[PDB]
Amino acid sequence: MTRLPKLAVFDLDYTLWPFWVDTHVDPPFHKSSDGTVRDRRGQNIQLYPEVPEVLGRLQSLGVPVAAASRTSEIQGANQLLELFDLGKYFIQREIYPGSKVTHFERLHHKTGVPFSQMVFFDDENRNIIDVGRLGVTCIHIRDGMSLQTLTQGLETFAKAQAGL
């Protein structure tokens, strides 16, 4: 057996997209005539390349997905998920300021999944620290999410659940 997590949780800024939604862009956003997503200042908004397949892959492996962001730009973060047609991949979204221990406690309540069976991807060590205290397997990422990072992450979770 290779233990698959019962819930995968993703940070947003520098995890699914290369910027801070409360700093580098100016919400609201909208799809342009050329199919791109744009903000009030005409910026081309893009996700990390492989994000759609990362989320689709989890869906294929039967792993439920949730979002956990501390951004104050709540409606902006939510709109990007919609515009990028990623809504279909998430079962829950915890997007609001605060230590992510809160986001995870609520995810635990809504999903019934034990913290030990969750895998979490985030680029900030402070979030890795806070959430790791709950027993969640935390994957500290760099250069955003990609299929390779997903694979290594699930591998790390499987190894943890195997006494490694």
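Residue numbers run from 1 along the displayed sequence.
K.L.:
Mean CA temperature factor from the deposited coordinates, higher in 7-15 or in 139-147?
P.N.:
Stretch with the greater average CA B-factor: 139-147.
K.L.:
Mean Cα B factor from the PDB record: higher for 48-56, or higher for 23-31?
P.N.:
Result: 23-31.
K.L.:
So among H103, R126, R41, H109, who wins on Cα B-factor in the entry?
P.N.:
Each of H103, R126, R41, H109 was compared by C-alpha B-factor; the highest is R41.
K.L.:
When the deposited Cα B-factors of this chain's modelled residues are ordered and cut into thirds, is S69 in the lowest, the middle or the highest one?
P.N.:
Its C-alpha B-factor belongs to the lowest third of this chain's values.
K.L.:
Divide the modelled residues of the chain into thirds by Cα B-factor and specify which third, lowest, middle or highest, holds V37.
P.N.:
As the PDB entry reports it, the C-alpha B-factor of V37 lands in the highest third of its chain.
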